[PDB]
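Enquirer: Let me begin by handing over the structure; questions about it come next.
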Amino acid sequence: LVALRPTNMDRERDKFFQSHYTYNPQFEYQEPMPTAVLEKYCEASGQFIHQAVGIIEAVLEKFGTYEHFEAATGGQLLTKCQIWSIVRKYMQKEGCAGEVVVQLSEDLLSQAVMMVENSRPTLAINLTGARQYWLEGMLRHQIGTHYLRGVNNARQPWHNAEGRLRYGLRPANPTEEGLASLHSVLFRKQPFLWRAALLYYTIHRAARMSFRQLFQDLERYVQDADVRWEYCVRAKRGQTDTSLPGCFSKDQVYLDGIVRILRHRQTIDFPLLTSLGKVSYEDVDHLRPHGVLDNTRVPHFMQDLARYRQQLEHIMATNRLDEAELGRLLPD
Amino acid sequence: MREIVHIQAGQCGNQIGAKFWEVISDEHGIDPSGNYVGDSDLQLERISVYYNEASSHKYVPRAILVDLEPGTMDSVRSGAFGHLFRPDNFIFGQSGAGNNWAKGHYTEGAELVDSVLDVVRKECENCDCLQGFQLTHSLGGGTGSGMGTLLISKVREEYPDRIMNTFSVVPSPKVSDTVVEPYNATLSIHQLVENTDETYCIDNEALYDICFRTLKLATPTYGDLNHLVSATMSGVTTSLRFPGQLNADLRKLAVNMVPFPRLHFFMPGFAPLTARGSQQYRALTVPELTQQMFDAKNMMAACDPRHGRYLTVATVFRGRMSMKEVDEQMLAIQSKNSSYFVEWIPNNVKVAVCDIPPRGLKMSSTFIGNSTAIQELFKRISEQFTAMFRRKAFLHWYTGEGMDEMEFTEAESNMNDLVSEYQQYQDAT
Amino acid sequence: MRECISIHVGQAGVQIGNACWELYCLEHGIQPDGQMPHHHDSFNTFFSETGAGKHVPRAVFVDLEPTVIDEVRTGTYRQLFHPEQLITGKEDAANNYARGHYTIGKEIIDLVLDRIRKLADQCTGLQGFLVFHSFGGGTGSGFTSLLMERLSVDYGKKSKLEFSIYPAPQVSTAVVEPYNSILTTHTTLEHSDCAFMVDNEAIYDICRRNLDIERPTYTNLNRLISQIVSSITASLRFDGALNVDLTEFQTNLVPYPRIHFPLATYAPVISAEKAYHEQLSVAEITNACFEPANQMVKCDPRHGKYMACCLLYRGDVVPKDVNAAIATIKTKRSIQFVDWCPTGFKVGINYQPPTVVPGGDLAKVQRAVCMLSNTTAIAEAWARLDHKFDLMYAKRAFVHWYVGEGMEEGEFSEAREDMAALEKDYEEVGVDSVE
Ligand SMILES: Nc1nc2c(ncn2[C@@H]2O[C@H](COP(=O)(O)OP(=O)(O)OP(=O)(O)O)[C@@H](O)[C@H]2O)c(=O)[nH]1
Ligand SMILES: Nc1nc2c(ncn2[C@@H]2O[C@H](COP(=O)(O)OP(=O)(O)O)[C@@H](O)[C@H]2O)c(=O)[nH]1
Ligand SMILES: [Mg+2]
Ligand SMILES: [Zn+2]
């Protein structure tokens, strides 16, 4: 995300706001632009657009607005002290205490990003909008999924590009971010997949719309201009002249992964899937014979596997993604 | 440097002061005439803190003796260790407070407080760097209570930066030496919680109990009780009147012991206390002193500490000892009595160590505990006051000097607020 | 011609300095009156010389309470010090940081800086500063913070070394230790090149167990810390087969600008009766240095990782044995450095053995080793202080003194934020790297 975070985002934000949302941001980026990755994610999908809208509407039906959903389900905004406390408790719970550097920042386009600074893992947490019941989920996403998968993957024959080719691996995504997103909302009482759904939706529209149009369009789902600005930039990462239609479709991966994993949950071995590293749920049978599983780590929330599966059922119910609908969506 | 000025109000204050100056002079090797005949230069290295070197190489205590009846003044003057006070200091009136606070703070005191403040100002300008004031007075007697409160208010007006010490003899719970002492106590406490930095509550009941049981004395004359209080005061000041491996000053105690502006009432304690015979049959070690200082049967304030919690504790040792031993003892005593200390003040034991024994011992110790148990005391007094105010008994004597009921209403409300604060912090979490 | 001045703030600093200068005067054969009846020059780095055979120390004893300084003036070391340096205030900070940094110390900071400037300009190859100051005392914390800020303003780029007395976890003589510690740390975090953590509790433990003295006075702790300081400076003050200057210390033991809190350790520490019954191998004394029971800060090194170590040997030492011993230490698993620092040692050898002070407690040894180790375990210690602070701030206890003495609550909140940030940095560094 560092490469596609516009170098002039602030100056263009002030311009946008000060024009009362009529101006089209003219973004610039650190040269050179990752042309290959831009081209890979230049087209948006609509495969799950009705699921996205289904989730969004389910939230707004129950909570009226996002604003109330956030405050009612998310809990209080956290101080730095409270964040560190929750993180420390989590690391110990996961048995990875002292392995990851934790940093607090205001300039993240997401809640948190897991990185490799100084050839070492770094968890950057956005202090802006960090909330009590939500933060624990972020840790289950970045640490419980991304980090543990990463460490397990480093131990496997397919730990690098060559290894992936040699063993014939499908891409890690959408299985990676699908698993991570399900894990974020795992133990919540109202586990609505708002973030995933709205990202999916925003990209779909971004492909057709200017920035101005996209920003206005989102008003129907979320009022806060700052929140909307985030979603718009994420959807138009890499776009220079945002007056034209176009998107960076990467963030559609979350909902895409969720649907697929939930659809096939009955045949997926979730411990094994995590143990094999950065692998697709489809590659599990292919790679099982060649995986080294002696000292691979499974997240703490997967130990009671019966309960884990119940949570997945609860997540489907909540998000209006019942078995029958998943069945019709993917007749696999 | 850091000279301290001594004020003595009321008959009890004056007698305590007489014994106190006897003790100090014994410490520094000062003859009754006021000339130094000592043997150790360290006595004179800080002799200025309490004394002034008058010409022809004599020493005069920095005392300001105040009263409204010349009786006890003349008793002090005639008796030995009275011939060295500077004779111009003995301020006294003729009417006498008549055991009334209204007289001692409004009518009679208003005529002598000016002369007292003038001599105070002269002594202050005489000193190099003033450290603070220590006032020795009662809370029952009219002179002590009223005039001491008036002097404290005036001094705090003229020196809002110096530090203030009071040794107020609180009325005992069981006996009552006077009849109107609830009124004097309430008004005096109102003034003190207004304008004092620290207040060393003492009861005669606890001193009786100590002289009876611990010292094994069946004939405790007031000389002995005053001797005990004097030893306590000397122990408090030796931290600056003498060198020490970890020295202390009055400001240090004030900062450490007073977490909040109002809650600054301390109960003292002394150790060791051994009878004449039962001395050689006990070992004088730091653990022994430390364990002695923590029990109701050796607190000079009549209230069991176990009924509340120690908000803070200060401990001033004397004589040559080992710091590690003291640290170990404090650690143990803070460990085993965990329920006896407040949760939210970690490491609540201030420690100071001097280098000179209290003259005639190997090592001594003084305890200064700021606890919540003392609330009971105020509770008691408050209730008594309420009773004697419900019928407005004895009210006419106080009304006739200009004071009115609303004074009593406000003072009682203030004391109840203080007790509420003590209760709140006792059960804080 | 490599001068280094010493600045002693507070009672702790002054007494430690008494011990240190006693030790020095013993080392170079210097009488208490500055006269003197492998050596080179040697003493020039710490002793300036006047026309006669009288040498004077480059020390600046500053305090706000004249008691201890008066004891110094009356002690046997009266003739030694230059009487102008013994700066005394009038009313001590009384364990109050605000008094020691805003109200009182503000009125003699200028005189102290003036004497500092005189002593500096009389020198030519000034190396850096040695601040001997406690952490709990009001004068220590406040005055040291003020003095460090002033010196860093004046002397732009020079060595600044402190010997703090870290507040013990369980034995606390003061009551407001968390406040003074947090404030002085928030201040000195941006100016001190390299601090030196030492605690009284650990030294009590060492005196009881190793030296077999059950009742030690502050004299003994002071003697031990003086021995540590002498081992630090023996490189400057003597001819050694592999010397090291203080700039090397700050370069080696400080990976990042903020994390510069190495804890001290010394060996061997054995009583005179137990002097025999052991040949005191250099490998043996190295193992003693790395023993978790011999460190002078109550922190188990096994709970953290040694980010850097610096071992300074002195006496009849041979480099091959040092190499072998350090190799063995690197082999063991319980001593686990960070992955990103594969070279975790600086070694220094001096030819002069440590000298035992008559009337002391230790025994005449031929080899000695002082370890200055920067680890991650110390981070946990900060947590403890942080915890204490939180409690004593949750009720706003004692706040009125500081508020009324020239400080604001927002400053307390900011210092708490800074300490949280430091703890965060320690935790972040403690983790391992990917790829
Ligand atoms: N190691 C060691 N520490 C000492 C010694 N004497 C005092 N200390 C430390 O000093 C601390 C007390 O606070 P100080 O720094 O001495 O306060 P101060 O120097 O008197 O200055 P003020 O705070 O203004 O009174 C205690 O925590 C002790 O650890 C000593 O002889 N050796
Ligand atoms: N400890 C002690 N208390 C005394 C002594 N003499 C009187 N008191 C107390 O002082 C109080 C009397 O106050 P006093 O000064 O005599 O009356 P005043 O002239 O109105 O101030 C009584 O409550 C006694 O308890 C004494 O020698 N020692
Ligand atoms: Mg001091
Ligand atoms: Zn993610």
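Just remember, in the structure tokens the first chain shown is A, the second B, etc., residues are 1-based per chain, and ligands are 1-based in the order shown.
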If DSSP is run on the backbone, what residues of stretch 321-369 of chain C are strand (DSSP E or B)? A reply as a list in words would be ideal.
Expert: residues 346, 347, 348, 349, 350, 367, 368 and 369 of chain C
Enquirer: Can those selected residues be exported to a file as a short mmCIF file (atom, residue, chain, number, x, y, z; two decimals), in the first residue's frame so that it contains C-alpha atoms?
Expert:
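Saved the output as out28.cif:
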```
data_model
loop_
_atom_site.label_atom_id
_atom_site.label_comp_id
_atom_site.auth_asym_id
_atom_site.auth_seq_id
_atom_site.Cartn_x
_atom_site.Cartn_y
_atom_site.Cartn_z
CA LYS C 346 33.63 -4.88 22.66
CA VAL C 347 36.74 -5.99 24.50
CA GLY C 348 39.24 -3.85 26.33
CA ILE C 349 42.35 -4.89 28.24
CA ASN C 350 44.36 -2.83 30.70
CA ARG C 367 42.47 -9.83 37.29
CA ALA C 368 39.22 -7.91 37.15
CA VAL C 369 36.46 -7.38 34.61
#
```
Enquirer: DSSP on the backbone, helix (DSSP H, G or I) only: what residues of stretch 75-309 of chain B does that give? Format it as a ChimeraX atom specification.
Expert: /B:75-78,87-89,101-107,109-126,142-158,181-195,204-214,222-241,250-257,286-293,296-298,305-307
Enquirer: Write to file, as a CSV table (one decimal), in the first residue's frame, the residues of the selection just made, with C-alpha atoms.
Expert:
```
chain,number,residue,atom,x,y,z
B,75,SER,CA,6.9,29.2,86.6
B,76,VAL,CA,9.0,28.7,83.6
B,77,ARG,CA,11.0,31.9,84.3
B,78,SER,CA,11.9,30.9,87.9
B,87,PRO,CA,13.6,37.9,78.5
B,88,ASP,CA,12.0,40.2,75.9
B,89,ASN,CA,10.3,37.1,74.4
B,101,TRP,CA,-12.0,30.0,72.3
B,102,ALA,CA,-13.9,33.2,71.6
B,103,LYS,CA,-11.6,35.1,74.0
B,104,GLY,CA,-8.6,33.4,72.7
B,105,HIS,CA,-9.2,34.3,69.0
B,106,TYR,CA,-11.4,37.4,68.9
B,107,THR,CA,-11.4,39.5,72.1
B,109,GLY,CA,-6.0,37.6,71.5
B,110,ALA,CA,-6.6,40.6,69.2
B,111,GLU,CA,-4.6,42.7,71.7
B,112,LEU,CA,-1.4,40.6,72.0
B,113,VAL,CA,-1.3,39.1,68.5
B,114,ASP,CA,0.3,42.3,67.2
B,115,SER,CA,3.2,42.2,69.6
B,116,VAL,CA,3.6,38.5,69.0
B,117,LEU,CA,3.7,39.1,65.2
B,118,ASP,CA,6.2,41.9,65.7
B,119,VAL,CA,8.6,39.7,67.7
B,120,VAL,CA,8.1,37.0,65.1
B,121,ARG,CA,9.1,39.4,62.3
B,122,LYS,CA,12.2,40.5,64.2
B,123,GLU,CA,13.3,36.9,64.6
B,124,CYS,CA,12.5,36.2,60.9
B,125,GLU,CA,14.6,39.1,59.8
B,126,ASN,CA,17.4,38.0,62.2
B,142,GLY,CA,-8.7,28.5,75.2
B,143,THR,CA,-5.4,30.3,74.9
B,144,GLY,CA,-3.7,27.5,73.0
B,145,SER,CA,-6.5,26.9,70.5
B,146,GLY,CA,-7.7,30.4,69.8
B,147,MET,CA,-4.4,32.3,69.9
B,148,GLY,CA,-2.5,29.6,68.0
B,149,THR,CA,-5.1,29.5,65.2
B,150,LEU,CA,-4.9,33.3,65.0
B,151,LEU,CA,-1.1,33.3,64.9
B,152,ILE,CA,-1.2,30.6,62.2
B,153,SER,CA,-3.6,32.6,60.1
B,154,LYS,CA,-1.6,35.8,60.4
B,155,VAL,CA,1.8,34.1,59.8
B,156,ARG,CA,0.4,32.3,56.7
B,157,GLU,CA,-0.7,35.7,55.5
B,158,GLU,CA,2.8,37.1,56.0
B,181,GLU,CA,-13.5,21.0,74.5
B,182,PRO,CA,-15.6,19.9,71.5
B,183,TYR,CA,-16.2,23.5,70.6
B,184,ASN,CA,-12.5,24.5,70.9
B,185,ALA,CA,-11.5,21.4,69.0
B,186,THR,CA,-13.9,22.0,66.1
B,187,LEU,CA,-12.9,25.7,65.7
B,188,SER,CA,-9.2,25.0,65.9
B,189,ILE,CA,-9.4,22.1,63.4
B,190,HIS,CA,-11.3,24.4,61.1
B,191,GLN,CA,-8.5,26.9,61.2
B,192,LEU,CA,-5.8,24.3,60.9
B,193,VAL,CA,-7.2,22.5,57.9
B,194,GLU,CA,-7.5,25.9,56.5
B,195,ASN,CA,-3.9,27.0,56.9
B,204,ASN,CA,-2.8,12.2,76.7
B,205,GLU,CA,-4.6,8.8,76.9
B,206,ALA,CA,-2.1,7.1,74.7
B,207,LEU,CA,0.8,8.6,76.6
B,208,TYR,CA,-0.7,7.4,79.9
B,209,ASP,CA,-1.1,4.0,78.4
B,210,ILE,CA,2.5,3.9,77.2
B,211,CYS,CA,3.9,5.2,80.5
B,212,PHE,CA,1.8,2.6,82.3
B,213,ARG,CA,2.3,-0.6,80.3
B,214,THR,CA,5.4,-0.3,78.2
B,222,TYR,CA,3.4,15.5,83.4
B,223,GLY,CA,7.1,15.8,83.2
B,224,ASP,CA,7.4,12.4,81.7
B,225,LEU,CA,4.7,12.8,79.1
B,226,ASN,CA,6.2,16.1,78.0
B,227,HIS,CA,9.6,14.3,78.0
B,228,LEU,CA,8.2,11.8,75.5
B,229,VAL,CA,6.7,14.4,73.2
B,230,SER,CA,10.0,16.3,73.4
B,231,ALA,CA,11.9,13.2,72.4
B,232,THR,CA,9.6,12.8,69.4
B,233,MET,CA,10.1,16.4,68.3
B,234,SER,CA,13.9,16.1,68.7
B,235,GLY,CA,13.8,13.0,66.6
B,236,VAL,CA,11.8,14.9,63.9
B,237,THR,CA,14.3,17.7,63.6
B,238,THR,CA,17.6,15.7,64.0
B,239,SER,CA,17.4,14.9,60.4
B,240,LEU,CA,18.6,18.4,59.6
B,241,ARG,CA,20.2,19.4,62.8
B,250,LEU,CA,10.8,19.3,57.2
B,251,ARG,CA,9.9,20.1,53.6
B,252,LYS,CA,10.8,16.5,52.7
B,253,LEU,CA,8.4,15.1,55.3
B,254,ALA,CA,5.7,17.5,54.1
B,255,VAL,CA,6.1,16.5,50.5
B,256,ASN,CA,6.2,12.8,51.3
B,257,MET,CA,3.4,12.6,53.9
B,286,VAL,CA,16.7,-2.5,63.7
B,287,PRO,CA,14.2,-5.4,63.3
B,288,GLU,CA,13.2,-4.9,67.0
B,289,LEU,CA,12.6,-1.2,66.6
B,290,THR,CA,10.7,-1.6,63.3
B,291,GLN,CA,8.4,-4.3,64.8
B,292,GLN,CA,7.9,-2.1,67.9
B,293,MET,CA,6.8,0.9,65.9
B,296,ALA,CA,-1.7,0.2,68.4
B,297,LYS,CA,0.0,-0.2,71.8
B,298,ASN,CA,2.8,2.2,70.7
B,305,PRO,CA,-4.4,1.7,62.9
B,306,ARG,CA,-6.0,-1.6,62.1
B,307,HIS,CA,-9.4,0.1,61.8
```
Enquirer: Given only C-alpha atoms, how would the per-residue table for chain A near chain C read, listing every residue at most 10 Å away with its closest atom pair and distance in Å to one decimal, sorted by chain and number, as a tab-separated table?
Expert:
```
residue	atom	partner	partner_atom	distance
A:80	CA	C:420	CA	8.4
A:81	CA	C:420	CA	7.3
A:84	CA	C:424	CA	8.0
A:88	CA	C:427	CA	9.6
A:96	CA	C:431	CA	9.3
A:97	CA	C:431	CA	8.1
A:98	CA	C:431	CA	4.6
A:99	CA	C:431	CA	3.8
A:100	CA	C:431	CA	4.8
A:101	CA	C:428	CA	3.4
A:102	CA	C:428	CA	5.5
A:103	CA	C:424	CA	7.6
A:104	CA	C:424	CA	9.3
A:115	CA	C:434	CA	9.2
A:116	CA	C:434	CA	6.2
A:117	CA	C:433	CA	7.9
A:118	CA	C:433	CA	6.8
A:119	CA	C:434	CA	4.9
A:120	CA	C:433	CA	2.6
A:121	CA	C:434	CA	5.4
A:122	CA	C:428	CA	7.8
A:123	CA	C:428	CA	9.2
A:150	CA	C:434	CA	9.2
A:151	CA	C:434	CA	8.6
A:154	CA	C:435	CA	8.4
```
Enquirer: Using the selection just defined, write its residues with N, CA and C atoms as a PDB file, in the first residue's frame.
Expert:
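Everything below was put into selection22.pdb:
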```
ATOM      1  N   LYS A  80      -3.699   5.038  23.341  1.00  0.00           N
ATOM      2  CA  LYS A  80      -2.478   4.307  23.004  1.00  0.00           C
ATOM      3  C   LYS A  80      -2.223   3.208  24.029  1.00  0.00           C
ATOM      4  N   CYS A  81      -2.323   3.572  25.311  1.00  0.00           N
ATOM      5  CA  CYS A  81      -2.154   2.663  26.439  1.00  0.00           C
ATOM      6  C   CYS A  81      -3.020   1.414  26.335  1.00  0.00           C
ATOM      7  N   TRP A  84      -1.871  -0.909  23.321  1.00  0.00           N
ATOM      8  CA  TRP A  84      -0.696  -1.690  23.726  1.00  0.00           C
ATOM      9  C   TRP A  84      -1.069  -2.834  24.656  1.00  0.00           C
ATOM     10  N   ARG A  88      -0.444  -6.698  23.732  1.00  0.00           N
ATOM     11  CA  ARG A  88       0.416  -7.508  24.590  1.00  0.00           C
ATOM     12  C   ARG A  88      -0.293  -8.785  25.045  1.00  0.00           C
ATOM     13  N   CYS A  96       3.357 -15.835  20.392  1.00  0.00           N
ATOM     14  CA  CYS A  96       4.321 -15.118  19.559  1.00  0.00           C
ATOM     15  C   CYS A  96       4.756 -13.797  20.209  1.00  0.00           C
ATOM     16  N   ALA A  97       4.851 -13.809  21.543  1.00  0.00           N
ATOM     17  CA  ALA A  97       5.328 -12.677  22.314  1.00  0.00           C
ATOM     18  C   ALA A  97       6.790 -12.397  21.964  1.00  0.00           C
ATOM     19  N   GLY A  98       7.087 -11.126  21.673  1.00  0.00           N
ATOM     20  CA  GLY A  98       8.442 -10.657  21.428  1.00  0.00           C
ATOM     21  C   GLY A  98       8.967 -10.839  20.015  1.00  0.00           C
ATOM     22  N   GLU A  99       8.115 -11.321  19.102  1.00  0.00           N
ATOM     23  CA  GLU A  99       8.501 -11.607  17.722  1.00  0.00           C
ATOM     24  C   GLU A  99       8.251 -10.435  16.776  1.00  0.00           C
ATOM     25  N   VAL A 100       7.214  -9.643  17.075  1.00  0.00           N
ATOM     26  CA  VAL A 100       6.758  -8.571  16.203  1.00  0.00           C
ATOM     27  C   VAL A 100       6.905  -7.211  16.875  1.00  0.00           C
ATOM     28  N   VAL A 101       7.468  -6.251  16.136  1.00  0.00           N
ATOM     29  CA  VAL A 101       7.497  -4.853  16.538  1.00  0.00           C
ATOM     30  C   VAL A 101       6.115  -4.271  16.282  1.00  0.00           C
ATOM     31  N   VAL A 102       5.613  -3.502  17.255  1.00  0.00           N
ATOM     32  CA  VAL A 102       4.333  -2.818  17.158  1.00  0.00           C
ATOM     33  C   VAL A 102       4.571  -1.317  17.042  1.00  0.00           C
ATOM     34  N   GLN A 103       3.911  -0.687  16.066  1.00  0.00           N
ATOM     35  CA  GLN A 103       3.997   0.760  15.839  1.00  0.00           C
ATOM     36  C   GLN A 103       2.596   1.355  15.739  1.00  0.00           C
ATOM     37  N   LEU A 104       2.465   2.607  16.189  1.00  0.00           N
ATOM     38  CA  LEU A 104       1.209   3.340  16.159  1.00  0.00           C
ATOM     39  C   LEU A 104       1.342   4.521  15.208  1.00  0.00           C
ATOM     40  N   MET A 115       3.917  -5.695   8.067  1.00  0.00           N
ATOM     41  CA  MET A 115       5.006  -5.323   7.157  1.00  0.00           C
ATOM     42  C   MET A 115       6.257  -6.159   7.414  1.00  0.00           C
ATOM     43  N   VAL A 116       7.309  -5.887   6.627  1.00  0.00           N
ATOM     44  CA  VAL A 116       8.653  -6.412   6.852  1.00  0.00           C
ATOM     45  C   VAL A 116       9.674  -5.265   6.747  1.00  0.00           C
ATOM     46  N   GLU A 117       9.730  -4.442   7.806  1.00  0.00           N
ATOM     47  CA  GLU A 117      10.702  -3.356   7.956  1.00  0.00           C
ATOM     48  C   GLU A 117      11.986  -3.887   8.597  1.00  0.00           C
ATOM     49  N   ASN A 118      13.137  -3.481   8.047  1.00  0.00           N
ATOM     50  CA  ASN A 118      14.458  -3.929   8.507  1.00  0.00           C
ATOM     51  C   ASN A 118      14.602  -5.458   8.475  1.00  0.00           C
ATOM     52  N   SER A 119      14.016  -6.082   7.441  1.00  0.00           N
ATOM     53  CA  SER A 119      13.953  -7.541   7.275  1.00  0.00           C
ATOM     54  C   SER A 119      13.313  -8.262   8.473  1.00  0.00           C
ATOM     55  N   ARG A 120      12.398  -7.569   9.169  1.00  0.00           N
ATOM     56  CA  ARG A 120      11.771  -8.056  10.403  1.00  0.00           C
ATOM     57  C   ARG A 120      10.293  -7.677  10.451  1.00  0.00           C
ATOM     58  N   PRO A 121       9.410  -8.547  10.994  1.00  0.00           N
ATOM     59  CA  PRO A 121       7.975  -8.250  11.011  1.00  0.00           C
ATOM     60  C   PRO A 121       7.640  -7.013  11.842  1.00  0.00           C
ATOM     61  N   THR A 122       6.750  -6.169  11.305  1.00  0.00           N
ATOM     62  CA  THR A 122       6.304  -4.940  11.940  1.00  0.00           C
ATOM     63  C   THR A 122       4.792  -4.806  11.768  1.00  0.00           C
ATOM     64  N   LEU A 123       4.078  -4.688  12.895  1.00  0.00           N
ATOM     65  CA  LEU A 123       2.640  -4.428  12.914  1.00  0.00           C
ATOM     66  C   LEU A 123       2.402  -2.945  13.172  1.00  0.00           C
ATOM     67  N   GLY A 150       2.500 -16.699   7.323  1.00  0.00           N
ATOM     68  CA  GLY A 150       3.820 -16.279   6.877  1.00  0.00           C
ATOM     69  C   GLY A 150       4.963 -17.083   7.462  1.00  0.00           C
ATOM     70  N   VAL A 151       4.928 -17.290   8.785  1.00  0.00           N
ATOM     71  CA  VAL A 151       5.952 -18.056   9.497  1.00  0.00           C
ATOM     72  C   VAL A 151       5.916 -19.534   9.097  1.00  0.00           C
ATOM     73  N   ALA A 154       7.327 -19.957   5.523  1.00  0.00           N
ATOM     74  CA  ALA A 154       8.781 -19.837   5.460  1.00  0.00           C
ATOM     75  C   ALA A 154       9.470 -21.189   5.655  1.00  0.00           C
TER      76      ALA A 154
END
```
Enquirer: Around ligand 1, at most 6 Å away and counting only C-alpha atoms and all ligand atoms, which residues are there? Put them as an NGL selection string, please.
Expert: (:B and (246)) or (:C and (10-12 or 15 or 92-95 or 134 or 136-140 or 173 or 200 or 218 or 221-222))
Enquirer: Measure the distance from atom CA of residue B:261 to atom CA of residue B:301 in Å and round it to one decimal.
Expert: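 Atom CA of residue B:261 sits 21.4 Å away from atom CA of residue B:301.
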Enquirer: Could you please extract the residues within 8 Å of ligand 4, counting only C-alpha atoms and all ligand atoms, and hand them back as a list in words?
Expert: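 Here is the list of contacting residues: residues 113, 114, 141, 142, 146, 176, 177, 180 and 181 of chain A.
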Enquirer: Identify every residue of chain C that has at least one atom within 6 Å of any atom of chain B, counting only C-alpha atoms, and report the result as a PyMOL selection string.
Expert: chain C and resi 94+171-175+215-217+391-392+397-398
Enquirer: List as a PyMOL selection string the protein and nucleic acid residues near residue C:4, meaning an atom at most 7 Å away when only C-alpha atoms are counted, but skip any in the same chain fewer than 3 places from it.
Expert: chain C and resi 45-46+126-129
Enquirer: Just write the chosen residues, N, CA, C and O atoms, as a PDB file, in the first residue's frame.
Expert:
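Produced file again.pdb, reproduced below:
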```
ATOM      1  N   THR C  45      44.671  13.208  33.186  1.00  0.00           N
ATOM      2  CA  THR C  45      43.345  13.144  32.584  1.00  0.00           C
ATOM      3  C   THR C  45      42.251  13.469  33.590  1.00  0.00           C
ATOM      4  O   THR C  45      41.180  13.958  33.214  1.00  0.00           O
ATOM      5  N   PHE C  46      42.489  13.187  34.871  1.00  0.00           N
ATOM      6  CA  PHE C  46      41.533  13.516  35.918  1.00  0.00           C
ATOM      7  C   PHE C  46      42.039  14.547  36.913  1.00  0.00           C
ATOM      8  O   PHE C  46      41.226  15.281  37.482  1.00  0.00           O
ATOM      9  N   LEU C 126      39.455  17.740  26.215  1.00  0.00           N
ATOM     10  CA  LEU C 126      38.266  17.331  26.948  1.00  0.00           C
ATOM     11  C   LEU C 126      37.538  16.201  26.237  1.00  0.00           C
ATOM     12  O   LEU C 126      37.171  16.324  25.065  1.00  0.00           O
ATOM     13  N   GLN C 127      37.339  15.093  26.954  1.00  0.00           N
ATOM     14  CA  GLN C 127      36.654  13.937  26.383  1.00  0.00           C
ATOM     15  C   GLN C 127      35.148  14.018  26.584  1.00  0.00           C
ATOM     16  O   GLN C 127      34.381  13.924  25.621  1.00  0.00           O
ATOM     17  N   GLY C 128      34.703  14.185  27.825  1.00  0.00           N
ATOM     18  CA  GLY C 128      33.273  14.233  28.079  1.00  0.00           C
ATOM     19  C   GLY C 128      32.955  14.375  29.551  1.00  0.00           C
ATOM     20  O   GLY C 128      33.821  14.721  30.362  1.00  0.00           O
ATOM     21  N   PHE C 129      31.701  14.088  29.886  1.00  0.00           N
ATOM     22  CA  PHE C 129      31.144  14.386  31.195  1.00  0.00           C
ATOM     23  C   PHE C 129      30.782  13.112  31.940  1.00  0.00           C
ATOM     24  O   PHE C 129      30.318  12.135  31.350  1.00  0.00           O
TER      25      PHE C 129
END
```
Enquirer: Might you pull out every residue within 12 Å of residue A:224, with only C-alpha atoms counted and same-chain residues fewer than 6 positions away left off, and present them as a list in words?
Expert: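 Residues near the query, excluding close chain neighbours: residues 65, 66, 67, 68, 70, 215, 216, 218, 230 and 231 of chain A.
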Enquirer: Quick one: write out the picked residues with C-alpha atoms as a short mmCIF file (atom, residue, chain, number, x, y, z; two decimals), in the first residue's frame?
Expert:
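After the write, out_0.cif holds the following:
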```cif
data_model
loop_
_atom_site.label_atom_id
_atom_site.label_comp_id
_atom_site.auth_asym_id
_atom_site.auth_seq_id
_atom_site.Cartn_x
_atom_site.Cartn_y
_atom_site.Cartn_z
CA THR A 65 -26.70 4.08 10.00
CA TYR A 66 -23.07 2.98 9.92
CA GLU A 67 -22.32 5.66 12.52
CA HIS A 68 -24.55 3.87 15.07
CA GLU A 70 -19.71 1.48 14.58
CA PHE A 215 -17.73 10.06 -3.22
CA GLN A 216 -21.34 11.19 -3.72
CA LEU A 218 -21.23 6.39 -1.06
CA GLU A 230 -10.54 6.64 2.67
CA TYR A 231 -12.77 4.20 0.71
#
```
Enquirer: What's the 12 Å shell around residue A:107, counting only C-alpha atoms, without same-chain residues fewer than 5 positions away, as a PyMOL selection string?
Expert: chain A and resi 1-2+5-7+9-10+112-113+124-129+230
Enquirer: Can you tell me, as an MDAnalysis selection string, what residues are no more than 12 Å from residue C:413 when counting only C-alpha atoms, ignoring any on the same chain fewer than 3 positions away?
Expert: (chainID A and resid 81) or (chainID C and resid 179 182:183 186 386 389:390 393:394 396 407:410 416:420)
